[PDB]
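Undergrad: After the structure tokens below, expect a handful of questions from me.
Every residue, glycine among them, receives a Cβ derived from its backbone with ideal geometry; neighbour counts consider all protein chains shown. What follows is calculated from the coordinates using simple rules that are stated; it is not laboratory data.
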Protein chains: 4
Amino acid sequence: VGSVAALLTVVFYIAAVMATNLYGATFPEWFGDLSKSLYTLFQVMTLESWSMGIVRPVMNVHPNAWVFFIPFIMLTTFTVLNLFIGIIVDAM
Amino acid sequence: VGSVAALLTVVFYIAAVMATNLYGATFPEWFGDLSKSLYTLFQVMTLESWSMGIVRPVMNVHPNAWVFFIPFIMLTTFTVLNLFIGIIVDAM
Amino acid sequence: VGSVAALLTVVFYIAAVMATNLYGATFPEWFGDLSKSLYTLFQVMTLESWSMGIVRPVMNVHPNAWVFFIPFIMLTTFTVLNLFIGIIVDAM
Amino acid sequence: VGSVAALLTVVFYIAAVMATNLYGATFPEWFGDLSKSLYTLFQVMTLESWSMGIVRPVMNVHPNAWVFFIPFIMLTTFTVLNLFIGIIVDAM
Ligand SMILES: [Br-]
Ligand SMILES: [Br-]
Ligand code: NA
Ligand code: NA
Ligand code: NA
């Protein structure tokens, strides 16, 4: 469980650094600093307004933004589910 | 199953009291009384418009609001999933 | 699996009849006929805009609407998850 | 796991071709080409704004659009969950 939880933290910090660099200047409310980026990527992970609210407005400036966000979703959504199931099975 | 269901009820009432106190005055439609608070925190748990609809408007007045909401989500989303899986396994 | 799938169909039709009757006149686009109601309740089940998009506008006319929708969500979200897990385990 | 992952890829490409053909002319931002279609159908799968954001605007032009989208959701949401659970069990 600890290895999976540490993997997600490292992935979350690398992604939030990457997103600050890529979309910070063009989208400062969502990715203007590391803290705004970490909060936004958490929102993207929970799936909340990920496309209509964040990704589509971003893609109008950065067409390839889907190469960042879609894999981020596919990985974090799998890892979180694997972490929760892992913690539940270990507690049993 | 009963212990997990009781844990969530106690956590839900403490959070909705806390939210009434913190955000009630500045956001009365969402946290103006305990009943509005319990409804909103349920909506936050289901992930529905949690960030674009509630948390981002709140953070514009209370910058640290994420310290309340993010852990609330992480805990309730884990507990509910643990309660549903627990009820399914016990029925088998 | 068949018993769970039949339980959800009966619950979905009873709810969609109830919602047509209760909210049809005041909210015709969402519950004006049985077909619009069945579609809306499916959207409510997937959690999509359930509160900001449907339930909050409804509650402004019908304050108690949460007594219908919250249990509907709690039941269908549990049943669907139980049906999917049940179908997966039976296939193994 | 490989058979389930290949089934989803074939289903995703057939659906995105079908959606390009059906809704491309009337809704070009969402289904104007295969690339836009594949992105939108992924967003529909994650449940993000599927009804208020995409399906309801589409249904105002194509009333039967629900015959495409509802089964697409029911199938992909089941398959993805079956793929993730399958990958987790195989890793154990
Ligand atoms: Br989470
Ligand atoms: Br479903
Ligand atoms: Na959602
Ligand atoms: Na969801
Ligand atoms: Na939403």
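Undergrad: Could you run the Karplus curve 6.51 cos²θ - 1.76 cosθ + 1.60 with θ = phi - 60° over region A:53-58 and give me ³J(HN,Hα) per residue in whole Hz, x for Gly and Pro?
TA: x, 10, 4, 4, x, 5
Undergrad: With a bin width of 10 angstrom, please list the P(r) values of chain A as percents of all Cα-Cα pairs, from the 0 bin to the one holding the largest distance.
TA: P(r) for chain A, in whole percents per bin: 16, 48, 25, 9, 2.
Undergrad: Also: What's the average, rounded to a whole number, of partner chain beta-carbon atoms within 10 Å of each residue's beta-carbon in C:39-46?
TA: Across C:39-46, the average partner-chain Cβ count within 10 Å equals 4.
Undergrad: Follow-up. Counting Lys and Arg as +1 and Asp and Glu as -1, what is the net charge of the other residues whose Cβ lies under 9 Å from the Cβ of A:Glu29?
TA: +2
Undergrad: Here is a further query. Taking the Cα centre of each part, how many Å lie between region A:71-92 and region B:1-28?
TA: 26 Å
Undergrad: Something else: Among B:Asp90, D:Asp33, which comes first, then next, by fewest other beta-carbon atoms within 10 Å?
TA: Final ranking by Cβ density, sparse to dense: B:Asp90, D:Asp33.
Undergrad: Residues of A:55-65, mean number of Cβ from any other protein chain within 10 Å of their own Cβ, rounded to a whole number?
TA: 1
Undergrad: Shifting gears a bit: May I ask for log10 I(q)/I(0) of the protein assembly as shown at q = 0.10, 0.11 Å⁻¹, from a Debye sum over the Cα atoms as equal point scatterers with solvent left out?
TA: -0.68, -0.85
Undergrad: Can you figure out the FRET efficiency of D:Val1 with A:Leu7, using R₀ = 25 Å and their beta-carbon distance, to the nearest 0.05?
TA: With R0 = 25 Å, the Cβ-Cβ based efficiency is 0.80.
Undergrad: Taking a label point 7 Å from the Cα of B:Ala25 along the Cα→Cβ vector, which residues of region B:57-71 have an amide N closer than 13 Å to it?
TA: Within reach of a label on B:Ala25, which here means backbone N under 13 Å from a point 7 Å along Cα→Cβ, region B:57-71 contributes B:62.
Undergrad: Next question, about the same structure. Sort D:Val11, A:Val89, B:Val44 so the one with the fewest other Cβ atoms within 10 Å of its own Cβ comes first.
TA: A:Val89, D:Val11, B:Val44
Undergrad: Using the Karplus curve 6.51 cos²θ - 1.76 cosθ + 1.60 with θ = phi - 60°, what ³J(HN,Hα) values do you get for each residue of region B:13-23, in whole Hz, with x for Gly and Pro?
TA: 6, 5, 5, 5, 6, 4, 5, 4, 5, 6, 10
Undergrad: Sorted from fewest to most neighbouring beta carbons within 10 Å, what does the list C:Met45, D:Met52, C:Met92 look like?
TA: Arranged by neighbour count, lowest to highest, C:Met45, D:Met52, C:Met92 become C:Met92, D:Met52, C:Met45.
Undergrad: Counting only helical runs of four or more DSSP H residues, what would the 222 nm mean residue ellipticity of the protein assembly as shown come to if each run contributes -39,500 (n - 2.57) and the total is spread over all its residues?
TA: After summing the helix terms and dividing by the residues of the protein assembly as shown, the value is -23500 deg cm²/dmol.
Undergrad: If the label point is 7 Å along Cα→Cβ of A:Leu81, which residues in region B:39-58 have backbone nitrogen under 17 Å from it?
TA: B:47
Undergrad: Follow-up question, since we're still on this one. Please list, or write none, the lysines whose alpha carbon is within less than 29 Å of the alpha carbon of B:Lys36, excluding same-chain residues fewer than 8 places away.
TA: B:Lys36 reaches A:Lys36, C:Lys36.
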